[PDB]
Amino acid sequence: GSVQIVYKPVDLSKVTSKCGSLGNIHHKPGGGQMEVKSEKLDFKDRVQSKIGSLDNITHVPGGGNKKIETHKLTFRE
(Lines of atoms letter the chains of each structure in order from A and count residues from 1; the text may use other names and numbers.)
(Lines give C-alpha, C1' and ligand atoms only; values in the text may rest on other atoms or scores of the structure.)
Protein backbone atom coordinates (compact mmCIF):
# COMPACT_ATOMS: atom_id res chain seq x y z
CA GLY A 1 0.00 0.00 0.00
CA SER A 2 2.34 2.71 -1.34
CA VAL A 3 1.70 6.43 -0.72
CA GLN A 4 3.12 9.18 -2.96
CA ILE A 5 2.48 12.86 -2.13
CA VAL A 6 3.84 15.85 -4.08
CA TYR A 7 3.34 19.44 -2.90
CA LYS A 8 4.67 21.77 -5.61
CA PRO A 9 2.93 25.15 -5.21
CA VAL A 10 4.32 27.95 -7.38
CA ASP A 11 3.73 31.62 -6.61
CA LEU A 12 4.92 34.40 -8.96
CA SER A 13 2.67 37.02 -7.34
CA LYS A 14 3.32 40.76 -6.94
CA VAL A 15 1.59 42.87 -4.29
CA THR A 16 2.58 46.28 -5.58
CA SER A 17 1.95 49.92 -4.88
CA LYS A 18 2.88 53.17 -6.59
CA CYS A 19 2.15 56.58 -5.07
CA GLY A 20 3.48 59.88 -6.42
CA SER A 21 3.24 62.13 -3.36
CA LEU A 22 1.85 61.02 0.00
CA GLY A 23 1.42 63.72 2.63
CA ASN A 24 -0.26 66.71 4.26
CA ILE A 25 -1.88 64.57 6.96
CA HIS A 26 -3.05 66.04 10.26
CA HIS A 27 -4.09 63.99 13.28
CA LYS A 28 -5.29 66.30 16.06
CA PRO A 29 -7.31 64.34 18.68
CA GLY A 30 -9.06 66.40 21.34
CA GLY A 31 -8.53 64.38 24.52
CA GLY A 32 -10.88 62.28 26.61
CA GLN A 33 -11.96 60.60 29.80
CA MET A 34 -11.77 56.90 30.68
CA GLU A 35 -12.82 55.16 33.91
CA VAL A 36 -12.71 51.40 34.58
CA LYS A 37 -13.67 49.72 37.87
CA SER A 38 -13.00 46.01 38.47
CA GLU A 39 -12.92 43.79 41.55
CA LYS A 40 -11.04 40.68 40.32
CA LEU A 41 -9.29 39.72 37.08
CA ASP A 42 -8.26 36.14 36.24
CA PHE A 43 -6.70 35.29 32.87
CA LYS A 44 -5.05 32.15 31.45
CA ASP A 45 -3.84 30.45 28.24
CA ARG A 46 -2.89 33.03 25.60
CA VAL A 47 -5.21 35.87 26.66
CA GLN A 48 -4.65 39.26 24.97
CA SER A 49 -6.39 42.02 26.98
CA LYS A 50 -6.44 45.80 26.98
CA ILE A 51 -8.25 47.54 29.87
CA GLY A 52 -8.67 51.29 29.99
CA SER A 53 -6.82 52.73 26.99
CA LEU A 54 -6.77 56.22 25.48
CA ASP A 55 -4.54 55.61 22.46
CA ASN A 56 -3.82 57.65 19.31
CA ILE A 57 -2.09 56.16 16.24
CA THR A 58 -0.90 57.79 13.03
CA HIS A 59 0.32 55.23 10.53
CA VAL A 60 1.47 56.47 7.12
CA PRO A 61 3.30 53.66 5.28
CA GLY A 62 4.67 54.81 1.94
CA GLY A 63 3.92 51.21 0.93
CA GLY A 64 1.92 49.21 3.47
CA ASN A 65 1.48 46.03 1.46
CA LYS A 66 1.23 42.70 3.18
CA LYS A 67 1.19 39.13 2.03
CA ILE A 68 0.36 36.23 4.34
CA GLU A 69 0.97 32.71 3.10
CA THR A 70 0.49 29.53 5.14
CA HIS A 71 1.46 26.12 3.76
CA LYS A 72 0.33 23.31 6.08
CA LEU A 73 0.80 19.66 5.15
CA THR A 74 -0.40 17.07 7.67
CA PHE A 75 -0.06 13.28 7.41
CA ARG A 76 -1.50 10.60 9.72
CA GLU A 77 -1.43 6.82 9.58
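Think of each number as a place in line: the chain as shown, counted from 1.
The deposited model was determined using electron microscopy, 2.8 Å.
The backbone N, Cα and C atoms fix where each Cβ goes, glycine too.
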Feature ubiquitin cross-link, as given in Swiss-Prot - residue among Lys37, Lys50: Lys50
Phosphoserine according to Swiss-Prot, picked from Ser17, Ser21: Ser21
All-chain count of other Cβ atoms within 10 Å of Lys67 (site 'Not glycated'): 8
Using Cα positions only, nearest of the recorded positions to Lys40 (site 'Not glycated') (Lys8, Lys14, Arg46): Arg46
Rounded Cα-Cα span from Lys67 (site 'Not glycated') to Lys18 (site 'Not glycated'), Å: 17
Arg46 (omega-N-methylarginine), number of other Cβ atoms within 10 Å: 5
